[PDB]
Each structure stands twice: as C-alpha cells, then as structure tokens.
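1. structure, please.
(one chain, ligands or ions: 1)
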Amino acid sequence: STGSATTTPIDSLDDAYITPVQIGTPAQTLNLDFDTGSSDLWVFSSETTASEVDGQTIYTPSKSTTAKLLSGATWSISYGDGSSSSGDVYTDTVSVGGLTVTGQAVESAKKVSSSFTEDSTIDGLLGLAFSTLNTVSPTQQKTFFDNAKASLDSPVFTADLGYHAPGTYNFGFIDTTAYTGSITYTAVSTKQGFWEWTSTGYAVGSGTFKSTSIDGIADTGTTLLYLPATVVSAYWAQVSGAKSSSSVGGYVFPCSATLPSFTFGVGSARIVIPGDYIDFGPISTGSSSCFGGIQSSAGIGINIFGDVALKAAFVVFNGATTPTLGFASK
Ligand SMILES: CSC[C@H](NC(=O)[C@H](Cc1ccccc1)OC(=O)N1CCC(N)CC1)C(=O)N[C@@H](CC1CCCCC1)[C@@H](O)COc1ccncc1
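-> Numbering: from 1, shown residues only. Below you will find the coordinate block:
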C-alpha cells in the first residue's frame, strides 16, 4: 500500500507545515504538523480545557464509532520549544492520503501550553521519529509509520517541502520524478531515537568546501537550521551588518542585505540552500532588522537540520532494518 498527502505552509514565512489527517469513523479531518523529531500523535480534543482552545479543530472521540479509550494510559510531552502538552489516550482509525492504519494510538490533549492555544492553524502533531521516544505510559505506543510499515510497498516515507508553496509527504514509495540527479544515501544512528546522521561538511556562498563532520538530526518539526557556533559565525561573517543580538536571541541582519547560499555535505554530494531561504523577515512589524534562518545550536545540545535545510532537497526516510537517509537535489 501507499499514501500521498499535500503539506501546506501555515504562513508566508514557512514557519511550519500542516497536513490533513483523517481520524475516526466517520472521518474527522484535522490539520497536523508532521514532526520527524518526535514520536507522539496528539490532537486538540473535546477533552481539552475550553479556555485553552482558540479556533483549532478538535477531535471528538464520542462521535467516532471506532474510538476506544486506552484505560489507564496517559501522556506528557515538552518540546525543545518549552512547549508542553498532556492528556489521555484513545485508539482509533487514522488515514493519511489514502493510507489507513487501524488501532493507532491517538493522544487526546487535556492541557496545552499557551504557545499551542495561540496557534490556530495547528490542530496537533504527528510524530515520525522512532517509537522509542513515545511518551505514553505505562504502555509505550508505536508511531503511525511503525504501524503502517508492514503494509507499505517499501518501508519508507519521503519529505518534499516547498519554499513558499505546498509540498508532498509520500508513504511507501519514491517518486523518481520529484528530484533531479541521483539520491545519495547516508547512515542513520538510532541510538537517541532520532533520524540522526553525520554531514560531511559545508560551504558559504561560492566559498571553499570545508570537510568536517557535523552530527545532527533531520527534523521536519523545526523551522530553522541549528549548527555549531563556529559554522554559524563563518556564515554570518559574510553578511554586512549581521550580528548576534542578546535582546532577540540570535543572529539578525539588515533586511536590505543579500544572503549568500549555504552548502551542506551528504557523503560526496552537496545540497545547496539558496540565500533567499535563510531570510525570516523583520523581527517585528515595520522593523528593518530581519531574523536569520541559520542559528547556533550551542544552547540546544544538538545540531538540527530543520525545514530551512530539508526544503532545499528531496528527502527519503528509509525505515528499513538498517535505516538510512537519502538526499537529492530538486
Ligand atoms: C530548536 S527546537 C524548537 C522547535 N520549534 C520550532 O522550530 C518552532 C515550530 C513552530 C511551531 C508553531 C508555529 C511556528 C513554528 O518554530 C520556532 O521556534 N521559530 C520559528 C519562527 C522564527 N522566526 C522563530 C523561531 C521544536 O520544539 N520543534 C519540535 C516540534 C514542534 C514543537 C512546537 C509545535 C510544532 C512542532 C521538535 O521537532 C523538537 O525536536 C527536537 C527538539 C530538541 N532536540 C531534539 C529534537
């Protein structure tokens, strides 16, 4: 079997992407954020404290005939954002772009952080990291991908995120028309439960490629690109007026500036991120200072290849026995 769903930016900055997901019987369509950096499938629901809901579409288990309470099960999650959510657990039928999974753990939120309440376009998350990170207790649950794996034509899913445009999440097959040239595969470490890999180096603009090992994770659920202080400093040193601001918490640059591209290595291949992708607009309405899409990971503890990098490529997540990550230009 296979599945294919269109994913759409939530705003003109591509801060995040939402993908319609059908839950229950009859179907209840919610717009979820596909997150390869987490392993929980959670949604706003009829159980969420009324004051914490503001415009989101909610899942109503009582209206679904295939929903079943998972007695005693609970969940609690806190994101690198500081964001937090918690609640109880149901099992129900979930379909993504035609691909159906029965008995999928659907985590119903009772409490959500203000950050979530304020975000009316996101109805919940769909975790696509490894099941070892799932927070359901006392019985850990499997991810949607894990549950569909067997039925898939190939144990893979691909991410084709657009720049200021819709993209595609495919399950079970590789669209050979979606990319140019060849796909370069690279080893993945599952030790921490992430799609963790090692980049072979980088280049700024038309500069010399620097061969250096960069260990990080492929994370669709993170907007920006977080790299080591040394790499980030070398990038922004090429932008006049750019500086690290303590007040805004990161590198900012004069909106009138032209950003150089950034190249990251995948084995012997190279992926180029156009400079335009690295511009995240004014720090505040009317400001002439703009926010940079490449920031330091120093305080995070891990390098993150977020949307900024992923959207420059066609990305294959191969969930085979020996998982790999495939990168192609497009
Ligand atoms: C450096 S992890 C911070 C990161 N959250 C972001 O990237 C958010 C995403 C967002 C959400 C809602 C609207 C707009 C953007 O966006 C921004 O933080 N920014 C974009 C706007 C830019 N101008 C301001 C900075 C993060 O927790 N991701 C997790 C998923 C995320 C949680 C919040 C809801 C949406 C999904 C997740 O994958 C983290 O996995 C790991 C985290 C830490 N170790 C390893 C893996």
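2. spell out which parts of the stretch 51-200 of the chain neighbour the ligand.
-> 79, 80, 81, 83, 119, 125 (Cβ under 6 Å from any ligand atom). Backbone N, C-alpha and C define where each C-beta goes, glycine included.
3. which two from the residues you listed end up farthest apart in space?
-> Distance extremes for these: the farthest pair is 80 and 119 at 16.0 Å, using Cβ to Cβ.
4. need the three-state assignment for residue 48.
-> coil (DSSP: H, G, I helix; E, B strand; the rest coil).
5. coming back round to it: please narrow the residues of the stretch 51-200 of the chain next to the ligand to those residing in strands.
-> residue 125 (DSSP state E).
6. hey, where'd the helices end up in the stretch 51-200 of the chain?
-> In the stretch 51-200 of the chain, the helices defined using DSSP state H, counting those that start in this stretch lie at 114-117, 144-148.
7. for residue 55, which of those helices is the nearest?
-> Nearest of the helices of the stretch 51-200 of the chain (Cβ to Cβ): helix 114-117, 9.1 Å.
8. which residues does that closest one contact?
-> Contacts to helix 114-117, defined as Cβ atoms under 8 Å, 6 or more residues apart in numbering, come from residues 44, 52, 53, 54, 81, 82, 83, 85, 122.
9. does the fourth one really touch residue 120, like I thought?
-> Okay, so that is residue 54. Yes: counting by Cβ atoms under 8 Å, residue 120 is a contact partner of residue 54 at 5.9 Å.
10. what residues do the two have in common as contacts?
-> Joint contacts of residue 54 and residue 120 (Cβ under 8 Å, 6+ apart) do not exist.
11. so how far is residue 136 from the residue of the stretch 51-200 of the chain found nearest the ligand?
-> Of all residues in the stretch 51-200 of the chain, residue 80 sits closest to the ligand, at 3.1 Å by Cβ to the nearest ligand atom. To residue 136, residue 80 is 20 Å away according to Cβ to Cβ, to the nearest Å.
12. ok, the two, which is more surrounded?
-> residue 136 (22 against 15; other Cβ atoms under 10 Å).
13. buried residues in stretch 19-28?
-> 19, 20, 21, 22, 23, 24, 28 (16 or more other Cβ atoms under 10 Å).
14. all strands for the stretch 1-150 of the chain, in order.
-> 3-9, 17-23, 28-35, 41-43, 68-78, 84-96, 99-112, 124-127 (DSSP state E, counting those that start in this stretch).
15. coming back round to it: deepest-packed of the helices of the stretch 51-200 of the chain, please.
-> Neighbour counts (mean count of other Cβ atoms under 10 Å) averaged over each of the helices of the stretch 51-200 of the chain peak at helix 144-148, with a mean of 22.
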